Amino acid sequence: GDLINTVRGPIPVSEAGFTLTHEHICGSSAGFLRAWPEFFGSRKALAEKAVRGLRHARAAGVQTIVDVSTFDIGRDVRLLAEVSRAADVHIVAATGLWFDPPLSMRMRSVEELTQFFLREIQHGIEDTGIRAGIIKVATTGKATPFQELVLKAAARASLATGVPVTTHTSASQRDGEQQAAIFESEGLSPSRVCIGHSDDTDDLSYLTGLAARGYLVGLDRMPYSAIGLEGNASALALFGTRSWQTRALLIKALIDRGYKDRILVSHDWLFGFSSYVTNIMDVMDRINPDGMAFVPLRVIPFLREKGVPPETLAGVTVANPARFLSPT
């Protein structure tokens, strides 16, 4: 019945299966992979790395990932389609804007941004015909004036298409509350919205407050920890000093408080990464060699061993993403 758009075209919602709802093939910038593919070794090396990673995830039971790279994360939909085909894993692509918009975006009005997001959802990204299945937005603290427009434009595009909205927050600053206020001012249903990087905080007052309102809570940085790397300032700043087990306990905490239907789980992983320090990808691959298999291989058994029922784990990893992604 319900369909969702992937980089290989439409798929039935029921085929999405075990779905990681916040991932990247490559975290980069608009135009960068085209202008400087050698940064990644080569485009071919990048694609091969991504195919090996997604095949590993697939072997662990992952059937679909949502690549939340926007235009300004340097999303390359042809790359996503190539690797999706080679690895046989569905990929849902994104529209929206993250927190590195260039001037040609920052100068735009809410109307103009709505038109852009609609173009990528309804017509296709660039000249490819590949349609976005989610809208990615971001704040890092209080929203900038431009970020206010972006969140309103995302709400309007979601209302028009039924495609969900997913967010980057600075979770320690509780950005989700302001994001929610902006979304609701536009009349967007909280069930269409995932407040992301919510596992970057242990503030369950903040998290249950959102979940109580109907928001999905993105616990989407599972493998991130610089424990043991504290001498590496850049890894420390990006990864944090909380263990993956600490992050994973949040999933249990929300399930134990009645919020099992409001949780989405992912890694925020990537196979190339040019928007941060050089060789950050080598540090990450050492910390988490399992890549996007880490959730099914480590997180889901950890939870099962803590007594979370399999039905509940299936509801979190299959039913929740399905309900979220289904245009509504």
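We number the residues from 1 along the sequence you see.
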- Message: Highest mean C-alpha temperature factor of the two stretches 254 to 262 and 230 to 238, which is it?
- Response: 230 to 238
- Note on the structure: As the entry reports it, the stretch among 285 to 293 and 263 to 271 with higher mean C-alpha B factor is 285 to 293
- Of the residues 169, 166, 95, 122, the one carrying the largest Cα B-factor as recorded: 122
- Identity of residue with top Cα B-factor, from 319, 25, 20, 313: 313
- Chain third (lowest, middle, highest) by recorded CA B-factor, residue given as residue 177: highest
- residue 58: C-alpha B-factor third of its chain, per the entry, is the lowest
- Position of residue 149 among the chain's modelled residues by C-alpha B-factor, lowest, middle or highest third: middle
- Item | Third of chain Cα B-factors occupied by residue 186 | highest
- Task: Using the B-factors in the PDB entry, rank residue 127's C-alpha atom against the chain and give the third, lowest, middle or highest.
- Result: highest
